[PDB]
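For reference, the chain that follows is the form deposited in one PDB entry, supplied as structure tokens.
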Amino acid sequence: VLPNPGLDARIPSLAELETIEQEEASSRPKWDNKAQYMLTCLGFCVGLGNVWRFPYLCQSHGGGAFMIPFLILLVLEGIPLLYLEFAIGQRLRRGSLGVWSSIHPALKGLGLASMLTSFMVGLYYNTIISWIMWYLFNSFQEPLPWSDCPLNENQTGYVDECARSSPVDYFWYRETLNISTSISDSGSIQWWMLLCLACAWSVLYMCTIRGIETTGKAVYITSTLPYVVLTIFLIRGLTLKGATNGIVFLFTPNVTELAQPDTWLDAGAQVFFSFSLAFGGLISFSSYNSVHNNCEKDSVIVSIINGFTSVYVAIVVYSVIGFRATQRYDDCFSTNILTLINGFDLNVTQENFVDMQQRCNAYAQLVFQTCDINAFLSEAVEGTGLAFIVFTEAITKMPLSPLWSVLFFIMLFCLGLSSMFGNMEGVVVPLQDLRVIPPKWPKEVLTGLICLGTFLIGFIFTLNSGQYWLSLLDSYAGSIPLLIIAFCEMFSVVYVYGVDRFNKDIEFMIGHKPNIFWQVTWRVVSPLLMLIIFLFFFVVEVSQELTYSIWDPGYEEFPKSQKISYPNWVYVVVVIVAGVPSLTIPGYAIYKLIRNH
């Protein structure tokens, strides 16, 4: 609809599209099998991002409260954009940076924002992988290293922190992070974290050495194993005590959470992380299919699987949350029963406690804790605590602690590695298509330079303050660009390339022209939701002081986390991470409209 001149002779014709298919036999990489393509999409849209952030968002906000908006926007906003990313990659036979420049030469900023975004999300994920594999390396010892504390000089007590806090808290914050007091306080690099980070980058380079002719072989173990281990954690989790108390907690939501602006803003951002939309990997992966592949069927299958896996993962995370909560409630009670049993020298079990405590009425001297179970269930976990302080502590209670621990980290490592394949796809290919390195050099040279590059950038997440540094990318900072790109990708394929031409091309490939559902979303519904969502982001999340949780042993109520405001200079870092890729789309356009004229 916008005045696009001479779009053809920049894009391939449908006639050439049917022929060039053979021309791309060696000119471009091609999926050996559809299986191999479907497994890749499965991992990129159902790996970390769908299985890591989701249960954290569900634990925060409300359990079932947050799940309703997510499944509304998953289809009203995610299915459309996923079907639009797959079809446009399959038609223009080029990666993200190629697909946007082709539609209009001033839209090349849209493929550099996607490359930067992909880079940053990989840098974030890689760290998570490094922590996962630190934990996976320590889980080959009968008594797992986070099931006890180091002894003190008296040997009668454990390290004060470990004593006041939890063994799992001490293994996370002290033995793994050696975490500092503040983001401002930044110590030297913790050599063992650096060593695990090296291992992470090394394994990823090995699996992505030679583009998709090495990752397609990898996704046979990397997109299956994670789903054959998460159904065992569902059986185990469901067979845990008090587990069904947590599942009900998840399905008994407070409707007043659904009527909060912040819940919706988190669900939308989350849709574009669940499906790796606006990372640009998917466009590239769909561009190696047959020109006559049914991408509508693929988008719907991926979305169903991606939607259904989100709920299956919150049912495994809540079985464990209610298991721990039940244990804590039983302890509180038991400890309360002990306070009075010893004090009044006396049969105080479950029902008797309430009736007998009334008879005992040293009651004043006796100090009694309040056991609620619902309070135990409604106790939020510090970021990344669900995996390193909630799931780890629950496994230490399982009969074969080492077996489970190992399996739990191998699942998180595999669905991380899977996710990283797409994240790396979306930074290698744009960098090939800029023709930045001399094209005589092999593909392996360019893939190692970015592995080392991102490896060197990842030293900041290896300091004492590194965890604080990593929790900045969990702010609106890492979400603002995704919304801008996703909206621009939809607007460009509908009001620039033309939805009429797009529909005709879809008809040429799959056979039929897309349904009214696809028409009503692409044209109005989908774009509007994105407009309303990111505007709400700017009015709510951005319009809020950025605060983080610090772990200070020397703090009143030490065991309780302390929330403090970031020092002003970290707005520079946020301003940059958000604008760098969000102002690229406008600011390369303006460059192309002042050089041409």
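Definition used throughout: the rigid core is the maximal C-alpha set that superposes within 1.5 Å between two forms. The numbering used is simple: start at 1 and walk along the sequence shown.
There is also a form deposited in another entry; it is not shown, and the following applies to it.
- Core-based superposition between the shown form and the other one leaves all of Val542, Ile550, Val570, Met38 but one with CA shifts under 2 Å; the exception is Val542.
- If you fit the rigid core between the shown form and the other one, you'll see the Cα of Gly498 move by less than 2 angstroms.
- Superposition of the core reveals a Cα shift of less than 2 Å for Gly307 between the shown form and the other one.
- Relative to the superposed core, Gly478 shifts its CA atom by 2 Å or more between the shown form and the other one.
- CA of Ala477 to CA of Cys451: closer by 3 Å or more in the other entry than in the shown form.
- The Cα-Cα distance between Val542 and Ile460 is lengthened by 3 Å or more in the other entry relative to the form shown here.
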